[PDB]
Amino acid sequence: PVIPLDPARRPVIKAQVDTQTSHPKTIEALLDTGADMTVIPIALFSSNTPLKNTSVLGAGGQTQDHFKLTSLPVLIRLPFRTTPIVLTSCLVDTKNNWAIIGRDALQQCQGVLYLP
């Protein structure tokens, strides 16, 4: 699907995320070319599973308290695609609660940016 770019309407997609620690769940994800690494909400993980601490430099600035790192790979199924994206590791937003589909995933599903 061509997703047109509009400052007022974020380019979002419904993606099904499998964290491998609880049941797969469909969340709203933001399609993000600025993002090196895909960001999953923590509500998709069980209480038990260990998560590595990590430091992240975003527009806000430095933060060690705010994102964690996955212990296991993550599987993302898009609405159209039958085969799952597999991400060796990705960031876990701990305090907020929506996902960012970053260039790690965008590469695996032959995603591109077109400028006429």
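Only the largest set of C-alpha atoms that superpose within 1.5 Å between the two forms is called the rigid core. For every residue, the number given is its place in the sequence shown, counted from 1.
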{"item": "Between 91-99 and 8-16, larger RMS Cα displacement in 7 other deposited structures of this protein after core fit", "value": "91-99"}
{"item": "Higher-B stretch (mean Cα B-factor, as the entry records it), 40-48 or 23-31", "value": "40-48"}
{"item": "Which of 13-21 and 100-108 has higher mean CA B factor, as the PDB entry lists it", "value": "13-21"}
{"item": "Chain-relative CA temperature factor third for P7", "value": "lowest"}
